[PDB]
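J.: My questions will all concern the structure given below.
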Amino acid sequence: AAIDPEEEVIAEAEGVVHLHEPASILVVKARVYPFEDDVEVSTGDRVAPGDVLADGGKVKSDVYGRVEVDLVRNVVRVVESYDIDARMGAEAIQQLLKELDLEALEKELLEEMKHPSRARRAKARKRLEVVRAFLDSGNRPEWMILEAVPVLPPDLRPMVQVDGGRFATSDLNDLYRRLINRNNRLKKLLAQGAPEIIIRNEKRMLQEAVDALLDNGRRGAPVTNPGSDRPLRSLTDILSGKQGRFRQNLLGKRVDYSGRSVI
Amino acid sequence: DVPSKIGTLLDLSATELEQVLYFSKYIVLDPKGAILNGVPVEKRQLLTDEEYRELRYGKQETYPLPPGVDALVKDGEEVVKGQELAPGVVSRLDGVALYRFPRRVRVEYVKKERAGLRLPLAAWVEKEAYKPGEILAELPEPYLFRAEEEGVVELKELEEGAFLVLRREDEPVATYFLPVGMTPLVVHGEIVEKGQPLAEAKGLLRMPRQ
Amino acid sequence: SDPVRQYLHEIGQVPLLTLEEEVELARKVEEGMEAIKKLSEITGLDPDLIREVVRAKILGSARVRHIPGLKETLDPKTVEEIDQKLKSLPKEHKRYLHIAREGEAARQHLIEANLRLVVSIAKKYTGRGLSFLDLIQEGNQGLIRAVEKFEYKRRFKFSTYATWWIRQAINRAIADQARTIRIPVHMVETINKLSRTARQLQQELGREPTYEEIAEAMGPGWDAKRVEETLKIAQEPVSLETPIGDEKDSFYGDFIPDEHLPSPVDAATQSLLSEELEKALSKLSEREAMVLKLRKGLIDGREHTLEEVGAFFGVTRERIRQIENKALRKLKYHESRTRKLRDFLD
DNA sequence: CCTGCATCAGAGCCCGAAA
DNA sequence: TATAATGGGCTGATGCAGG
RNA sequence: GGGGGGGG
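And the structure:
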């Protein structure tokens, strides 16, 4: 078939067809399973050896794999490949920590505490200090990754009109905006079924948005305002240091009813 | 914050925790019986991108053939390690080789015609049917096969052997078959009268390959 | 360890198409959408919902979620039910299921195969307020919709059509996210014009134009006051954390008083006012001061005009307005003695 | 086992500080 | 919505892969 | 990936 009715090749009369001169040859490791009648599994499905493919159950699959229905070659390919669940990101880790019975872990690490070489003694202790820390506290390890990220009250991240009618704004607002864009656009790339290389890229950028909000500069390049080399000041920055919350406004403040002069 | 609290809870190294959080490696939650490089995939193993694709999507490879060069292999043919596929192409994978875009379609049309032929009898081989390459006759000396109608000749040459068709007006008077060892002495579009030699039959006469 | 470099590596994993592979993939995508349209009518279902159900199984169950606009919540229950009706069709009908699913399989590979195109468009749009990766993803988003509307039979190469949608999606992204005070996309288009206009002006005048020279260079409708109010809108906010020069120990935000919360004097002045405000109503009588107090409201502001007063004060309707005055003027003599309220006049 | 060896978080106060 | 365009510009304390 | 003109 082709563009316009012209240039199509129709078969002049009865005959048999041979294919020659390919663009190129693709060798896949798969199994071919021809069919005469209707096919019962559509393309994309994954299947295990012995599963019913076509023709009411006579043809079946030898291998684990995923299905490729050739309607030209009227044969059901199955490319050998597994229903493997392997994940990337915080989504993976959140599961693995959801999936930890800590009392069991404690029991297992205690058993390792009765062991020489002291090194195994030593690291089974450090692990068991975190285990016990969660057990006594009531914290679930899954809480070290966020589903909901909190938003700070606006009067603590103000945007105010200063003398000039100009506006002045706290850095957290730009660190939140970067987060919101990325979350929002990820939401849309999901609904539009984008390839996983694209979804992967945004998912990682989402992490880095969360990581600059919470503790900009901690890992990787510090996010800066456009046309400035100034790291944006993130929540960690606020808390910490000589100019941080503690040392600048909690252990010492400016005061009323005071004054200064030469002596 | 060192040592990572997530890292220690999980017995994941610094590097391992980065790779899965920053989308540089996978970490498996249920291998569903996978196996890679001879060893079954164990839970909590970390696969690179290539590893993940070989286990989740299967292995494959496509090889260019030079323009105009035809393949030493056919569509749907199972291939071994290092089997050769095009004059300069050698596959590095076992599996089912699949044609991509054939530039040349050859459709062999089926034709069933009845055609005639006259030979000596001391020279003919008697049997009820002849199938390709089978010997048809052996002539002690050369015999000249003569036209048995008057007409214009429409010559149709096949790879080996020939067809001859005379006709007056546009109605075919005669359909003759010239096997191998029989070289036509007429050309297409020639007019011939009754009994002009159409072809020389020399020695062994056989039915052609096709 | 570097996020640009890693994505550049991951798109180098997909080989780029040849003209036949490109047209093959494009081919199957469009035929696949025609598949799903006809499957809407056979089925009595909705093309979008069929589109997402076909979509679900090609990608794997990794991705399954509710898609905005679809009538059913898209969970493994409904996609199993909807898939098995799809597979419950005659072989001449269900051949179109197979077409859909390789539709979406080609679309994926067509997208992945053109990711390098987005990079080389996005790299030219650096330094306009969006980060490189933020550009790419917005560019990729255009590529996605260039795949869904490409008509392969016009025989243009895919690069040619996709470039239009990519640049379209990048430049929206810039104009919609780059400003802390987001402003409408066409209004930024006007602002950008003032600057190009001025830059050429300055480029010929050998000095900075005034608003009037811009205004006429902008054509009809533009005067100098409108050049001026356009720029005040274009003004970007500045950071509370800006260092006040010195960079050691000085933030801009530390110089900015809080004018919302009352100061101790103000909060004291407002308390002081209500204190002698009611200690002045009760000193004639509180009843006629209650009528007036009901008129304005110590805490509520109960101020309309004519009507509601028809109800509960104690009297009918025009009398409250009268005792309004007599309370007011008894107040005014009452104040010529207690003249301590003059000071509140500021 | 121990040591190089790497990765991180420290580095005085208050006032003018001329943006 | 359509020529084609396809990979960036100084210290100390502590937890580690390695002689 | 941590830092500066003046006064005490």
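Chains as they are written, first to last, in the UniProt record's numbering: chain Z, 369 to 631; chain V, 107 to 316; chain W, 78 to 423.
A virtual CB, placed ideally from N, CA and C, is assigned to each residue, including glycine.
Can you give me the Cβ contacts of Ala-381 of chain Z inside the same chain, cut-off strictly under 8 Å, excluding the 5 residues immediately before and after it?
T.: Counting from one through the first sequence, the residue named residue 381 of chain Z turns up at place 13. Counting only Cβ-Cβ distances below 8 Å, and skipping sequence neighbours, we find nothing.
J.: Is it true that the stretch 450-458 of chain Z meets the stretch 585-600 of chain Z, where meeting means three or more beta-carbon pairs spaced less than 8 Å apart?
T.: no
J.: Could you pull out every unbroken beta strand (DSSP E) segment of at least 3 residues lying fully inside the stretch 86-121 of chain W, listed in chain order?
T.: none
J.: Residues of chain V with a CB under 9 Å from the CB of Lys-494 of chain Z: which are they?
T.: In the first sequence, the residue the question calls residue 494 of chain Z occupies position 126. The contacting residues are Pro-109, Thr-114.
J.: Just to confirm before moving on: does the CB-CB distance between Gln-189 of chain V and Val-179 of chain V stay below 9 Å?
T.: Residue numbering aside, residue 189 of chain V sits at position 83 when the second sequence is read from its first letter. Residue numbering aside, residue 179 of chain V sits at position 73 when the second sequence is read from its first letter. Yes, they are a contact pair.
J.: For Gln-90 of chain W, return the contacting residues in chain V, with the cut-off set at a CB-CB distance below 9 Å.
T.: Position 13 of the third sequence, counted from the start, is the residue given in the question as residue 90 of chain W. By Cβ distance, chain V contributes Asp-155, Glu-156, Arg-159.
J.: Could you work out which residue in W:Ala-239, W:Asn-402, W:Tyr-84, W:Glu-313 is closest to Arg-259 of chain W when comparing CA atoms only?
T.: Translated into positions along the third sequence, residue 259 of chain W becomes position 182. Checking every option, the nearest Cα to that of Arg-259 of chain W belongs to W:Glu-313.
J.: Any Cβ of chain V within less than 9 Å of the Cβ of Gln-83 of chain W?
T.: Stepping through the third sequence from its first residue, residue 83 of chain W is reached at position 6. So, interface residue.
J.: Under a three-way DSSP split, which group does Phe-207 of chain V fall into?
T.: The residue given as residue 207 of chain V occupies position 101 in the second sequence. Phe-207 of chain V falls in the coil class under three-state DSSP.
J.: Taking 7 Å as the limit between beta carbons, can you name the residues of its chain near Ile-141 of chain V, skipping five residues before and five after?
T.: By 1-based counting over the second sequence, the position of residue 141 of chain V is 35. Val-147.
J.: Would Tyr-158 of chain V and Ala-454 of chain Z qualify as a contact pair, given that the criterion is a beta-carbon distance under 9 Å?
T.: Working through the second sequence from its first residue, we reach residue 158 of chain V at position 52. Working through the first sequence from its first residue, we reach residue 454 of chain Z at position 86. Yes, the pair counts as a contact, with Cβ atoms nearer than the cut-off.
J.: So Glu-404 of chain Z packs on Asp-423 of chain Z, CB below 8 Å; how close in whole Å?
T.: On the first sequence, position 36 is the one that residue 404 of chain Z refers to. On the first sequence, position 55 is the one that residue 423 of chain Z refers to. The pair is a contact, with the Cβ atoms about 6 Å apart (cut-off 8 Å).
J.: Count the other C-beta atoms from every protein chain shown that fall within 10 angstroms of the C-beta of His-294 of chain V, then say buried if there are 16 or more, exposed otherwise.
T.: Position 188 of the second sequence holds residue 294 of chain V. Its Cβ having fewer than 16 others within 10 Å, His-294 of chain V is exposed.
J.: Does any residue of chain Z have a CB that is nearer than 9 Å to the CB of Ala-345 of chain W?
T.: What you label residue 345 of chain W is simply residue 268 of the third sequence in a count that begins at 1. False, the Cβ-Cβ gap to chain Z never drops below 9 Å.
J.: Could you tell me whether the Cβ of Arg-220 of chain V comes closer than 9 Å to any Cβ of chain Z?
T.: The sequence position of residue 220 of chain V within the second sequence is 114, counting from 1. No, because no Cβ of chain Z sits closer than 9 Å to the Cβ of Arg-220 of chain V.
J.: Output, in chain order, the set of chain V residues within a Cβ distance shorter than 9 Å of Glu-99 of chain W.
T.: For the purposes of this step, residue 99 of chain W is taken as the residue at position 22 of the third sequence. One finds nothing in chain V with a Cβ atom closer than 9 Å to the Cβ of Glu-99 of chain W; even the nearest lies about 12 Å away.
J.: Is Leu-207 of chain W closer than 9 Å to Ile-251 of chain W when the C-beta atoms are compared?
T.: The count along the third sequence starts at 1 and reaches residue 251 of chain W at position 174. The count along the third sequence starts at 1 and reaches residue 207 of chain W at position 130. In contact: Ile-251 of chain W and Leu-207 of chain W (Cβ atoms closer than 9 Å).
J.: Give, in chain order, every residue of the stretch 111-145 of chain V whose Cβ lies closer than 7 Å to some Cβ of chain W.
T.: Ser-130
J.: Taking only the alpha-carbon atoms, compute the straight-line gap between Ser-410 of chain Z and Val-528 of chain Z and give it to the nearest angstrom.
T.: Within the first sequence, the letter at position 42 stands for residue 410 of chain Z. Within the first sequence, the letter at position 160 stands for residue 528 of chain Z. The alpha-carbon atoms of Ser-410 of chain Z and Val-528 of chain Z are separated by roughly 60 Å.
J.: Which value, in whole angstroms, describes the spacing of the CA atoms of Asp-523 of chain Z and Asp-335 of chain W?
T.: In the first sequence, residue 523 of chain Z corresponds to position 155, counting from 1. In the third sequence, residue 335 of chain W corresponds to position 258, counting from 1. One C-alpha to the other measures close to 11 Å.
J.: Would you mind listing the alpha helix (DSSP H) stretches within the stretch 293-349 of chain W that are 4+ residues and don't spill past its ends, in chain order?
T.: 301-311
J.: Taking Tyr-544 of chain Z as part of the alpha helix (DSSP H), name the residues at either end of that continuous run.
T.: Locating residue 544 of chain Z in the first sequence gives position 176, counting from the first residue. Residues 539-559.
J.: Determine the extent of the beta strand (DSSP E) in which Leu-136 of chain W is found, giving its start and end residues.
T.: Taking the first residue of the third sequence as position 1, residue 136 of chain W is located at position 59. It is not in any beta strand (DSSP E) - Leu-136 of chain W instead sits in the alpha helix (DSSP H) that spans 124-136.
J.: How long is the line joining the alpha carbons of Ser-351 of chain W and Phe-614 of chain Z, rounded to whole angstroms?
T.: For this step, residue 351 of chain W is matched to residue 274 along the third sequence. For this step, residue 614 of chain Z is matched to residue 246 along the first sequence. In a straight line, the C-alpha of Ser-351 of chain W is about 39 Å away from that of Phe-614 of chain Z.
J.: Could you list the residues in the stretch 272-294 of chain V with a C-beta less than 7 Å from some C-beta on chain W, going in chain order?
T.: none
J.: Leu-96 of chain W to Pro-170 of chain V, Cα distance in whole Å?
T.: For the purposes of this step, residue 96 of chain W is identified with residue 19 of the third sequence, where counting begins at 1. For the purposes of this step, residue 170 of chain V is identified with residue 64 of the second sequence, where counting begins at 1. The alpha-carbon atoms of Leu-96 of chain W and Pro-170 of chain V are separated by roughly 14 Å.
J.: For the alpha helix (DSSP H) containing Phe-502 of chain Z, list its first residue and its last residue.
T.: The residue given as residue 502 of chain Z occupies position 134 in the first sequence. That run of the alpha helix (DSSP H) goes 487-505.
J.: Assuming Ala-183 of chain W is part of the beta strand (DSSP E), what are its boundary residues?
T.: Along the third sequence, read from residue 1 onward, the residue named residue 183 of chain W stands at position 106. Counting along the chain, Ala-183 of chain W falls outside any beta strand (DSSP E), though it belongs to the alpha helix (DSSP H) covering 168-189.
J.: Can you tell which of Z:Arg-434, Z:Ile-393, Z:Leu-468 has the C-alpha that lies nearest to the C-alpha of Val-175 of chain V?
T.: Residue 175 of chain V sits at position 69 when you count from the first residue of the second sequence. Of the candidates Z:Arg-434, Z:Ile-393, Z:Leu-468, the one whose C-alpha sits nearest the C-alpha of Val-175 of chain V is Z:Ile-393.
J.: Please confirm whether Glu-215 of chain W and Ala-199 of chain W have their CB atoms less than 9 Å apart.
T.: By 1-based counting over the third sequence, the position of residue 215 of chain W is 138. By 1-based counting over the third sequence, the position of residue 199 of chain W is 122. Contact flag set, yes.
J.: Using the beta-carbon of each residue, which ones in chain Z are nearer than 9 Å to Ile-400 of chain W?
T.: The residue you call residue 400 of chain W lines up with position 323 of the third sequence. Those within 9 Å of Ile-400 of chain W in chain Z number zero; the least Cβ separation is about 44 Å.
J.: Beta-carbon within less than 8 Å of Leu-405 of chain W's beta-carbon, same chain only, minus the 5 sequence neighbours each way: which residues are those?
T.: Here residue 405 of chain W refers to the residue found at position 328 when the third sequence is read from its first residue. Within the same chain, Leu-405 of chain W has close Cβ partners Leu-369.
J.: When the Cα atoms are used, what is the spatial distance from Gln-616 of chain Z to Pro-320 of chain W?
T.: Counting from 1 along the first sequence, the entry for residue 616 of chain Z is found at position 248. Counting from 1 along the third sequence, the entry for residue 320 of chain W is found at position 243. One C-alpha to the other measures close to 16 Å.
J.: Can you name the start and end residues of the beta strand (DSSP E) that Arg-162 of chain V belongs to?
T.: Here residue 162 of chain V refers to the residue found at position 56 when the second sequence is read from its first residue. Note, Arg-162 of chain V: premise wrong, no beta strand (DSSP E); alpha helix (DSSP H) at 155-162.
J.: Distance cutoff 9 Å, beta carbons only. Does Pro-124 of chain W sit that close to anything in chain V?
T.: In the third sequence, counting from the first residue as 1, residue 124 of chain W sits at position 47. Not closer than 9 Å to any Cβ of chain V, the Cβ of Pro-124 of chain W fails to qualify, so no.
J.: From the DSSP output, in three-state form, read off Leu-271 of chain W for me.
T.: Here residue 271 of chain W is taken as the residue at index 194 of the third sequence, counted from 1. Helix.
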